[PDB]
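Protein chains in written order, with my numbering: chain A, 1 to 99; chain B, 1001 to 1103; chain C, 2001 to 2145; chain D, 3001 to 3053.
Report on the structure given below.
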């Protein structure tokens, strides 16, 4: 996934090093819990950034790209194995890639 | 190779006069030398190359007569200068912490 | 060929080598210490470090792990060939040391525009060509490429 | 500095002896510079030669 962000349009009013250094974050959420609680049974690859609104992507397949020791076990947990393992944050251009 | 070559060439000329490039920019009008502005990232590396060339102009007409002993002494002193500042590489887990909090 | 570029590359390589043998002298100060001590008894003038430094195997504040003889000697011979390279480059360098032409060359630089290739191998291949552990996949042989 | 000169194992004009001494000397020297790569070999050589002359 290739998520694009603002082009210095509104981020010009907020620059007080308040988690500004924090990159977008992804998490896998089960639909078992929703504001409406109607239907459920699949996962979502949620992606979040402070100002912008959350985003989700349905994952019917039980498992895809779930690799096996890709790198050589280096321990900077960041947030979780998922984020360090397979995400890139082009902060200079504001492009978040996830795979 | 192209970018490298143009950077290093405009750097070669820019190292002697600094007037030939400021004229070239107004004469041609090409998005090729867009690295001349400090905006373009590569610009920085440019500032390096030129400096380096500027340096070659320093001792032109002078030979370097460093001996083995001396070279060794120098390298030993350079290693001591790198060991002088060893209390500055212990600040990075902080950002991670922030991330964990927000997540 | 613009001599400026050649002399530049030379000074740069010399810098690279100095940095390499300096990194070495850093990880295991013995490399220098050992050497220097012997030198002391051949050329009496030579100034040698504080004994404490020698013993604790430290250069400033950090005391480094003691290495075995075979490795110390190895790295010393490696540094030997490095210094040989350096002496050679220094030599050749000693022996080596407008607008219309600017546009003239910039024009020929347009040659072969379709050269799709990533070029990150000038300072990296050198830096790498002279660094610790340059032989194995990751960390098996201390010897540089 | 004097013993090897005034209390020689053998007569210093003996052939076998001088040959031996040659081989041994060569060995010791190569060993020396072999065990101390980092020191400028040429410097040492010239120093010794000038002391000799």
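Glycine is no exception: its CB is placed at the ideal position from the N, C-alpha and C atoms.
Worksheet item: Which residues mark the beginning and the end of the beta strand (DSSP E) in which residue 4 of chain A is found?
Response: It spans 2-4 - the beta strand (DSSP E) in which residue 4 of chain A sits, taken as one unbroken run.
Discussion item. Please confirm whether residue 3038 of chain D has its beta-carbon closer than 8 Å to some beta-carbon of chain B.
Written reply: By the rule that beta-carbons nearer than 8 Å mark a contact, residue 3038 of chain D touches chain B.
Worksheet item: Among A:34, A:81, A:85 and A:44, which one has its Cα closest to the Cα of residue 60 of chain A?
Response: Measuring from the Cα of residue 60 of chain A, the nearest candidate turns out to be A:44.
Worksheet item: What residues from chain C crowd round residue 3044 of chain D, counting only those whose CB sits closer than 8 Å?
Response: Those within 8 Å of residue 3044 of chain D in chain C are 2042.
Worksheet item: Under three-state DSSP, which class holds residue 2033 of chain C?
Response: Reduced to three states, the DSSP call for residue 2033 of chain C is helix.
Item to complete: For the beta strand (DSSP E) holding residue 96 of chain A, just list the boundary residues, first then last.
Response: Residue 96 of chain A -> beta strand (DSSP E) spans 95-98.
Worksheet item: If you follow the beta strand (DSSP E) that residue 87 of chain A is part of, which residue opens it and which one closes it?
Response: Residues 87-90.
Worksheet entry | chain E contact residues for residue 22 of chain A, given Cβ-Cβ distances below 8 Å | The structure shown has no chain E; the protein chains it does contain are A, B, C and D.
Worksheet item: Residues in the segment 71-92 of chain A with C-beta within 9 Å of chain B's C-beta atoms, listed in sequence order?
Response: For the segment 71-92 of chain A, which is checked against every Cβ of chain B, the residues closer than 9 Å are 76, 77, 78, 79, 80, 83 and 92.
Discussion item. Please list, in chain order, the residues of the segment 2013-2047 of chain C that have any C-beta partner in chain D closer than 7 Å.
Written reply: Flagged, chain order: 2035, 2038, 2039 and 2042.
Item to complete: Output the boundary residues of the beta strand (DSSP E) element that contains residue 2051 of chain C.
Response: Judged by DSSP secondary structure, residue 2051 of chain C falls outside any beta strand (DSSP E) and instead within the alpha helix (DSSP H) spanning 2051-2056.
Worksheet item: Which residues bound the beta strand (DSSP E) around residue 27 of chain A?
Response: Annotation: the continuous beta strand (DSSP E) that includes residue 27 of chain A extends over 25-30.
Worksheet item: Hey, does residue 65 of chain A have any beta-carbon neighbour from chain B nearer than 8 Å?
Response: No, residue 65 of chain A does not count as interfacial toward chain B.
Discussion item. I believe residue 1053 of chain B touches residue 1011 of chain B by the beta-carbon criterion, under 8 Å. Please report the beta-carbon distance rounded to the nearest angstrom.
Written reply: Distance from residue 1053 of chain B to residue 1011 of chain B at the Cβ level is roughly 6 Å; contact confirmed, criterion being Cβ atoms closer than 8 Å.
Practice prompt. List the residues of chain B whose Cβ lies closer than 8 Å to the Cβ of residue 2119 of chain C, in chain order.
Written response: Under the 8 Å cutoff, chain B gives 1001 and 1004.
Worksheet item: Based on the DSSP output, what are the partners of residue 44 of chain A in its beta bridges?
Response: Looking at the DSSP output, residue 44 of chain A sits in a beta bridge with A:29 and A:58.
Worksheet item: How would you call residue 2106 of chain C, buried or exposed, if buried means at least 16 neighbouring beta carbons within 10 angstroms?
Response: Buried, because 16 or more other Cβ atoms sit within 10 Å of the Cβ of residue 2106 of chain C.
Worksheet item: Are the Cβ atoms of residue 83 of chain A and residue 28 of chain A separated by less than 8 Å?
Response: In this structure, residue 83 of chain A sits away from residue 28 of chain A, with a CB-CB distance that is not shorter than 8 Å.
Worksheet item: With burial defined as no fewer than 16 other Cβ atoms inside 10 Å of the residue's Cβ, what is the status of residue 2028 of chain C: buried or exposed?
Response: Burial is judged here by how many other beta carbons sit within 10 angstroms of a residue's own beta carbon; residue 2028 of chain C has at least 16 and is buried.
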